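Protein chains: 2
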Amino acid sequence: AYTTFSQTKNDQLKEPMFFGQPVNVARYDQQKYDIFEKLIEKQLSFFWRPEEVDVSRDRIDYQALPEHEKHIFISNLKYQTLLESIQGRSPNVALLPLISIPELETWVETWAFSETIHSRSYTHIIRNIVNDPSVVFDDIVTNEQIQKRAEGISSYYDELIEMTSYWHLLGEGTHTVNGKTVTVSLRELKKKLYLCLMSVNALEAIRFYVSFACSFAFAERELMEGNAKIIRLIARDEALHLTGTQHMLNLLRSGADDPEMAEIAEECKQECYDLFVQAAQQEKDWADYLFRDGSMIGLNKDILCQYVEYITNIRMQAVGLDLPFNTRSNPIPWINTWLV
Amino acid sequence: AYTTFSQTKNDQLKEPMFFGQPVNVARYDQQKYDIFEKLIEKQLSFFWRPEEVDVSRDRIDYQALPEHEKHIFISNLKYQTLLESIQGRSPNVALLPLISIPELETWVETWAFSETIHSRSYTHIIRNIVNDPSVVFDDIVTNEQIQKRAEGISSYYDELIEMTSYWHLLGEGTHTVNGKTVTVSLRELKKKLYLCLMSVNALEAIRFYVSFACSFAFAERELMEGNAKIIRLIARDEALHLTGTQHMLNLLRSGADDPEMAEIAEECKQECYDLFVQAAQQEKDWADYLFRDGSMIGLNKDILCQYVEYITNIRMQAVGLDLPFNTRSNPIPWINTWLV
Ligand SMILES: [Fe+3]
Ligand SMILES: [Fe+3]
Ligand SMILES: [Fe+3]
Ligand SMILES: [Fe+3]
Ligand SMILES: [Hg+2]
Ligand SMILES: [Hg+2]
Ligand SMILES: [Hg+2]
Ligand SMILES: [Hg+2]
Ligand SMILES: [Hg+2]
Ligand SMILES: [Hg+2]
Ligand SMILES: [Hg+2]
Ligand SMILES: [Hg+2]
Ligand SMILES: [Hg+2]
Ligand SMILES: [Hg+2]
Ligand SMILES: [Hg+2]
Numbered sequence: 001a002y003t004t005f006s007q008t009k010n011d012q013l014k015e016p017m018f019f020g021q022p023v024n025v026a027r028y029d030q031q032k033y034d035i036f037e038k039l040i041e042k043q044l045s046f047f048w049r050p051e052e053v054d055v056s057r058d059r060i061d062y063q064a065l066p067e068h069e070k071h072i073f074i075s076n077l078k079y080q081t082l083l084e085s086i087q088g089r090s091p092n093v094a095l096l097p098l099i100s101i102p103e104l105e106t107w108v109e110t111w112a113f114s115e116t117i118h119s120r121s122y123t124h125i126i127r128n129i130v131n132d133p134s135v136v137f138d139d140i141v142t143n144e145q146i147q148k149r150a151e152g153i154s155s156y157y158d159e160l161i162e163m164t165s166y167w168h169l170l171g172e173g174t175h176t177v178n179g180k181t182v183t184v185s186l187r188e189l190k191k192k193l194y195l196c197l198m199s200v201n202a203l204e205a206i207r208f209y210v211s212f213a214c215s216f217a218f219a220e221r222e223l224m225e226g227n228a229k230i231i232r233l234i235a236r237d238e239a240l241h242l243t244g245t246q247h248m249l250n251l252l253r254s255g256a257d258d259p260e261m262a263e264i265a266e267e268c269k270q271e272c273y274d275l276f277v278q279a280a281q282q283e284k285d286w287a288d289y290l291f292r293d294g295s296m297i298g299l300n301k302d303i304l305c306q307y308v309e310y311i312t313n314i315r316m317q318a319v320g321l322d323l324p325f326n327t328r329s330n331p332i333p334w335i336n337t338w339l340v
Numbered sequence: 001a002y003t004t005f006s007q008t009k010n011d012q013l014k015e016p017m018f019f020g021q022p023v024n025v026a027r028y029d030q031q032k033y034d035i036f037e038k039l040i041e042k043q044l045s046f047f048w049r050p051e052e053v054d055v056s057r058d059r060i061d062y063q064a065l066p067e068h069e070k071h072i073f074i075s076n077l078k079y080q081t082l083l084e085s086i087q088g089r090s091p092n093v094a095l096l097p098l099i100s101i102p103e104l105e106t107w108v109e110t111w112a113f114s115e116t117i118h119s120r121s122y123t124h125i126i127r128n129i130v131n132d133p134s135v136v137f138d139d140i141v142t143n144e145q146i147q148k149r150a151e152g153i154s155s156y157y158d159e160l161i162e163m164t165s166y167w168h169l170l171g172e173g174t175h176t177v178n179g180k181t182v183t184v185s186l187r188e189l190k191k192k193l194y195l196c197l198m199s200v201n202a203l204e205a206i207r208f209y210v211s212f213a214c215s216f217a218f219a220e221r222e223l224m225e226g227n228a229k230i231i232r233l234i235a236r237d238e239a240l241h242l243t244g245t246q247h248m249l250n251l252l253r254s255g256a257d258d259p260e261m262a263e264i265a266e267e268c269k270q271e272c273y274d275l276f277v278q279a280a281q282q283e284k285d286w287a288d289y290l291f292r293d294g295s296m297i298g299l300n301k302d303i304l305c306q307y308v309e310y311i312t313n314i315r316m317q318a319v320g321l322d323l324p325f326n327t328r329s330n331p332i333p334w335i336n337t338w339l340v
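Protein chains in written order, with PDB author numbering: chain B, 1 to 340; chain A, 1 to 340.
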């Protein structure tokens, strides 16, 4: 079972990242993995408040935009808001019960916290461009075109969360619950975790970035500049979050942290590959609904599609997966002005 | 049955604080209880970086302290560290899965995050006043005296978490798990949450404050100035935290939220009372250890006992409970200088 304070004095430097003894003392003078303490420090140094960003001229910019451009901007915004909503709570509820080293535990809480700030920034933006925010917020839950990735993303988390509860409550083995057999396997739980993480890595590394291009295209035209300044800050944060998930995944697949996970990851590589391509395909299909009424300056269905493949190749290679698309240089180098 | 993004489009203004539909969209343009949005805003405005606080003068001060005074200081510090370690993760793991309104969800995450900053501040303090932090950190886990004073905190959170898992997995009813009859009652789970909340309130409003007094006793002597600045910053945050729990509890008691919670608050009021009485006694019993090698001018077992009764009455009155201790004036008015 899970405990908020394991009474056993353990060497936190020897525990695996996940599934070891629950973290008792929160100390930051040492760590098994330096990267996580460095990320906490960086994230704290980047603290920012949405309210301190002037977005007063974004309202007029939005109203003056052609209808299809309003659609593009607002549709993209709703999706970003959806992703931040999930990322604000999910890392905590899903990972906290499985972490066994203090630096990773606090990094996850810090990572999640920074996501709630992003959520607050989107409320700030929405309240300053539509007059009646409720219209926007409600269409997030029910929007068909958006509620497909949410289902897929939330699914990975929910299944991991469910299996984690069974593991903590019953432990490994073949159990029975109300006439049904319930098998609890640590190997499968480990695979499930490797899956949220890969999926979360694609979310942080691909899904968010594709939306940033959608957003900075306006900035390039000196429009929605308040929104742009906020996205710049958010993007600076996401870079840290993806760095964190990339290290977690690489440490798990290399075999140094947990040999069993390395074994499991090698076994489900084809699955992770398809999982990544699937994510990229969903982002591509979205371009349709986004540019169904037309495209805009420096951005269209084809360009975005190219960008998705460009970014995906990079991210997948970073975690040891084969490249699914043809290699080529950045289709939209101008994006670098707003990112890194 | 828990989900990271419920697909049902619900009116978040009509959900109860707890046990309603899990929060889907994180919006901050409106709230059922604006007090939580105000608390998030205030906590964000108080953001501080522990490492920025100059504690270089603390090593000299500490080493020059009489041995019994070093024992008092460090023992107090180790307990505070324990409480922050627990408070950094528990709010998230125990409450997050049960919150049904966005403002409360984010407040809990913000509250927990601020506690991790406090934990980081203690590492900063420890690392700068002793040769080997590991001895201090390891003693926290062991040391029967410290765990004696904290006995009941981790255990309560753990019970709630386990019951919550059963609820999410099996739902309401009487079940058969591995041949054993397991009862899952929402009413009983609500009681567990309610009493956990009262326990955290006692933790936030009493346990932390009795420790601040010991810390500020050194500040009064012009010693441990760095630690003092940090404690003032921590105390400022704890004031928001206890304001948060007091409001949660009193809102539940009012009957304006979940009607059943109002019933429960009334039914278990003796439980609430007993919790404080027990916590106060634990804080008092800690005196024998704290002063085992001797006391200090203005800080001894008697004064500690008097302050515990003083503050406990204040906190209990704040949530509608009878006062167990004889009324008295502040036994250490010099603390005001350092608080609020
Ligand atoms: Fe974000
Ligand atoms: Fe992120
Ligand atoms: Fe704290
Ligand atoms: Fe607190
Ligand atoms: Hg996931
Ligand atoms: Hg795009
Ligand atoms: Hg995989
Ligand atoms: Hg994958
Ligand atoms: Hg594409
Ligand atoms: Hg393409
Ligand atoms: Hg509790
Ligand atoms: Hg004290
Ligand atoms: Hg009760
Ligand atoms: Hg009560
Ligand atoms: Hg007393």
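Ideal Cβ positions, reconstructed from N, Cα and C, are used throughout, including at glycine.
Looking at chain B, is there any beta carbon in it that lies within less than 8 Å of the beta carbon of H241 (chain A)?
For the purposes of this step, residue 241 (chain A) is taken as residue 241 along the second sequence, with counting starting at 1. So, not an interface residue.
Whole-angstrom distance between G173 (chain A) and residue 342 (chain A), CA atom to CA atom:
Residue coverage of chain A in this structure runs from 1 to 340, which leaves residue 342 (chain A) outside it and unanswerable.
Chain-order list of residues whose beta-carbon lies under 7 Å from that of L240 (chain B) (same chain, five-residue window excluded)
As a working note, residue 240 (chain B) is residue 240 in the first sequence. Excluding positions up to five away in sequence, the list reads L39, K42 and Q43.
Would you say the beta carbon of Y307 (chain B) is closer than 7 Å to some non-hydrogen atom of ligand 6?
For this step, residue 307 (chain B) is matched to residue 307 along the first sequence. Correct: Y307 (chain B) has its Cβ closer than 7 Å to ligand 6.
Distance check for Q282 (chain A) and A150 (chain A), CA to CA, integer angstroms please.
Here residue 150 (chain A) is taken as the residue at index 150 of the second sequence, counted from 1. Here residue 282 (chain A) is taken as the residue at index 282 of the second sequence, counted from 1. Looking at the two C-alpha atoms, the distance is approximately 8 Å.
Any heavy atom of ligand 8 within a distance shorter than 7 Å of the CB on residue 353 (chain B)?
Only positions 1 to 340 of chain B appear in the structure, and residue 353 (chain B) is not among them; the question remains open.
What first and last residue would you give for the alpha helix (DSSP H) that runs through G226 (chain A)?
In the second sequence, the residue the question calls residue 226 (chain A) occupies position 226. Where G226 (chain A) is concerned, the enclosing alpha helix (DSSP H) stretches over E225 to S254.
Under 8 Å between C-beta atoms of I86 (chain A) and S154 (chain A)
For the purposes of this step, residue 86 (chain A) is taken as residue 86 along the second sequence, with counting starting at 1. For the purposes of this step, residue 154 (chain A) is taken as residue 154 along the second sequence, with counting starting at 1. Annotated as proximal: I86 (chain A) and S154 (chain A), with beta-carbon spacing under 8 Å.
Taking DSSP's pairing of strands, which residues face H71 (chain B) in a bridge?
Counted from its first residue, the first sequence places residue 71 (chain B) at position 71. Bridge partners of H71 (chain B): none, in fact.
Leaving out the 5 sequence neighbours to the left and right, which residues in its chain are closer than 8 Å to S119 (chain A) when beta-carbon positions are compared?
Residue 119 (chain A) sits at position 119 when you count from the first residue of the second sequence. Cβ within range, chain order: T81, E84, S85 and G88.
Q43 (chain A): beta carbon under 7 Å from a heavy atom of ligand 3?
Working through the second sequence from its first residue, we reach residue 43 (chain A) at position 43. Outside the cutoff, so no.
If the criterion is Cβ atoms closer than 8 Å, does the pair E103 (chain B) and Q31 (chain B) meet it?
Residue 103 (chain B) sits at position 103 when you count from the first residue of the first sequence. Residue 31 (chain B) sits at position 31 when you count from the first residue of the first sequence. The Cβ atoms of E103 (chain B) and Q31 (chain B) sit closer than 8 Å to each other.
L65 (chain A): buried (16+ other C-beta within 10 angstroms of its C-beta) or exposed?
As a position in the second sequence, residue 65 (chain A) is number 65, starting the count at 1. Buried is the call here.
Identify whether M17 (chain A) lies in helix, strand or coil by the three-state DSSP scheme.
Taking the second sequence and counting its residues from 1, one reaches residue 17 (chain A) at position 17. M17 (chain A) falls in the coil class under three-state DSSP.
Helix, strand or coil for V182 (chain A) per DSSP?
As a working note, residue 182 (chain A) is residue 182 in the second sequence. The answer is strand: DSSP assigns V182 (chain A) an E or B state.
Would you call the stretch 17-25 of chain A in contact with the stretch 99-118 of chain A, where contact means no fewer than 3 C-beta pairs closer than 8 Å?
Touching, per the Cβ criterion.
Closer than 6 Å from C-beta to any heavy atom of ligand 12: which residues, in chain order?
Cβ atoms closer than 6 Å to ligand 12 belong to A:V210, A:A213, A:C214 and A:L304.
Mind pulling the chain B residues with CB within less than 7 Å of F216 (chain A)?
One-based indexing of the second sequence puts residue 216 (chain A) at position 216. Within 7 Å Cβ-Cβ: nothing; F216 (chain A) doesn't reach chain B, min ~23 Å.
Anticipated Cβ contact below 8 Å, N313 (chain A) with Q246 (chain A), distance rounded:
Within the second sequence, numbered from 1, the residue matching residue 313 (chain A) stands at position 313. Within the second sequence, numbered from 1, the residue matching residue 246 (chain A) stands at position 246. Going by Cβ atoms, the distance from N313 (chain A) to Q246 (chain A) rounds to 15 Å, so no, they are not a contact pair.
Can you confirm whether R59 (chain B), when its beta carbon is compared against all beta carbons of chain A, has any partner nearer than 8 Å?
The residue given as residue 59 (chain B) occupies position 59 in the first sequence. Answer no: the Cβ-Cβ gap between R59 (chain B) and chain A never drops below 8 Å.
Which residues in chain B have a C-beta closer than 9 Å to the C-beta of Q317 (chain A)? List them in chain order.
Position 317 of the second sequence, counted from the first residue, corresponds to residue 317 (chain A). For a Cβ distance threshold of 9 Å, nothing in chain B lies close to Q317 (chain A): the least Cβ distance comes to about 29 Å.
Could you give the residue range of the alpha helix (DSSP H) that holds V340 (chain A)?
Counting from 1 along the second sequence, the entry for residue 340 (chain A) is found at position 340. That residue, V340 (chain A), is in no alpha helix (DSSP H); it is neither H nor E in DSSP.
Backbone secondary structure at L189 (chain A) - three-state DSSP
As a position in the second sequence, residue 189 (chain A) is number 189, starting the count at 1. It is helical.
Which of helix, strand or coil does DSSP assign to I126 (chain A)?
Here residue 126 (chain A) is taken as the residue at index 126 of the second sequence, counted from 1. Helix, per DSSP.
Check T116 (chain A) in the structure and name its three-state DSSP category.
As a first step, residue 116 (chain A) is located in the second sequence; it is residue number 116 there, counting from the start. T116 (chain A) falls in the helix class under three-state DSSP.
For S114 (chain A), count neighbouring C-beta atoms within 10 Å of its own C-beta (all shown protein chains included) and say buried if the count is 16 or more, exposed if not.
Counting from one through the second sequence, the residue named residue 114 (chain A) turns up at place 114. Around the Cβ of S114 (chain A), a 10 Å sphere holds 16 or more other Cβ atoms; the residue is buried.
With a CB to CB cut of under 7 Å and the five nearest residues on each side skipped, what residues in its chain are close to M296 (chain A)?
What you label residue 296 (chain A) is simply residue 296 of the second sequence in a count that begins at 1. By the criterion of a C-beta distance shorter than 7 Å, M296 (chain A) is surrounded in its chain by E69, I72 and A217, once the five residues flanking it on both sides are discounted.
For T123 (chain A), return the contacting residues in chain B, with the cut-off set at a CB-CB distance below 7 Å.
Stepping through the second sequence from its first residue, residue 123 (chain A) is reached at position 123. Neighbours of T123 (chain A) on chain B, chain order: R27, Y28 and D29.
Expressed to the nearest angstrom, what Euclidean distance is found between the alpha-carbon atoms of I126 (chain B) and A213 (chain B)?
Along the first sequence, one-based indexing puts residue 126 (chain B) at 126. Along the first sequence, one-based indexing puts residue 213 (chain B) at 213. One C-alpha to the other measures close to 19 Å.
Please identify, using Cβ separations under 7 Å, the residues of the stretch 179-200 of chain B that lie next to chain A, in order along the chain.
Result list empty, no residue passes.
At the level of alpha carbons, what is the spacing between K192 (chain B) and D158 (chain B)?
The residue labelled residue 192 (chain B) in the question sits at position 192 within the first sequence. The residue labelled residue 158 (chain B) in the question sits at position 158 within the first sequence. Approximately 10 Å between the Cα atoms of the pair.
Around the C-beta of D258 (chain B), are 16 or more other C-beta atoms found within 10 angstroms, so that it is buried, or is it exposed?
One-based indexing of the first sequence puts residue 258 (chain B) at position 258. It counts as buried.
For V277 (chain A), which of A:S254, A:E266 and A:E309 has the nearest alpha-carbon?
By one-based count along the second sequence, residue 277 (chain A) stands at place 277. The shortest CA-to-CA distance from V277 (chain A) to any of A:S254, A:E266 and A:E309 is the one to A:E309.
Flag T327 (chain B) as yes if its beta-carbon sits less than 8 Å from any beta-carbon of chain A, otherwise no.
Here residue 327 (chain B) is taken as the residue at index 327 of the first sequence, counted from 1. With 8 Å as the cut-off, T327 (chain B) does not count as an interface residue toward chain A.
Please name the residue in A:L233, A:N10, A:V319 and A:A280 whose C-alpha comes closest to that of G244 (chain A).
In the second sequence, counting from the first residue as 1, residue 244 (chain A) sits at position 244. Out of A:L233, A:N10, A:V319 and A:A280, the CA that lies nearest to the CA of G244 (chain A) is found in A:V319.
Sequence-distant residues of its chain with Cβ nearer than 6 Å to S121 (chain A) (five each side left out)
Looking up residue 121 (chain A) in the second sequence gives position 121. For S121 (chain A), the CB contacts under 6 Å within the same chain, skipping 5 residues up- and downstream, are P50 and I230 in chain order.
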